[PDB]
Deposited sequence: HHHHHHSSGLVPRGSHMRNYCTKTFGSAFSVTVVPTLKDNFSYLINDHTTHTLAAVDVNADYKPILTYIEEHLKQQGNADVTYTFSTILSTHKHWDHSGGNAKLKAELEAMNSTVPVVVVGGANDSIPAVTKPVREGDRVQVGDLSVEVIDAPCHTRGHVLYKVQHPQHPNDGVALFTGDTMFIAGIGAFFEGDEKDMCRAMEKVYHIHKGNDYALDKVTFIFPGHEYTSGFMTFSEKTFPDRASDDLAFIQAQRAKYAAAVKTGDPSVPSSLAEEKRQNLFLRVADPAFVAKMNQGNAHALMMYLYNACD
């Protein structure tokens, strides 16, 4: 009952949301300018990626990117790569250097970039959920205003964050600060065209959390959270993914991300940012 959907960035590229396993998302990046394809977070249930390519889409399927080592995000790397070299390739497997990701051929660290066709894929270190978790920031260098796809794995969900399996609240605060300030260089102009593609369909539960926990009942952010919650629920009701949200939206509806805003930390009145993250996590 879970549907695909496609978010498109101008004429430059698109990202297809591919529901996999029970509540996972894998993604297919498609560079329109070179017809180059890349897959993100390929697990044991990878055939739906292939099914999508052979209904909807000569193309070059060059890259697999894994946000983190967990099997529901890396368990299809070796198998899809094999497929893939047999039908074409050279297939590059990108993963965080410190996560020892299955089948990785391009270990990456903060600031690294890899190309997918003409698209740039910039790497952000976000250790917490796993010690080597990364985020992938994807855009077209020649079409920067067409927007950005941000693959956040299990670090950040819509209105949520991942469990701290291999780290702590300080790690998560640091990750939220990195995400919050991605576009500081352009005075956050690109926030509204930066789209968040996370690891799982956990939106419902987190949006209920945001609605209950938002501290300021006089703000229209509450009305916004309520409207967004209903919108995501309706999507999920028809089988549509709740994802993506924009970074502009997350800055309103995601209380964990808002820990990166000193004014919000003050408003919550639960101590400093670390204390606040702990409160929200616990909570």
statement: Gaps vs the deposited sequence (1-based, no CA atoms) are 1-16, 74-81, 113-114, 310-311
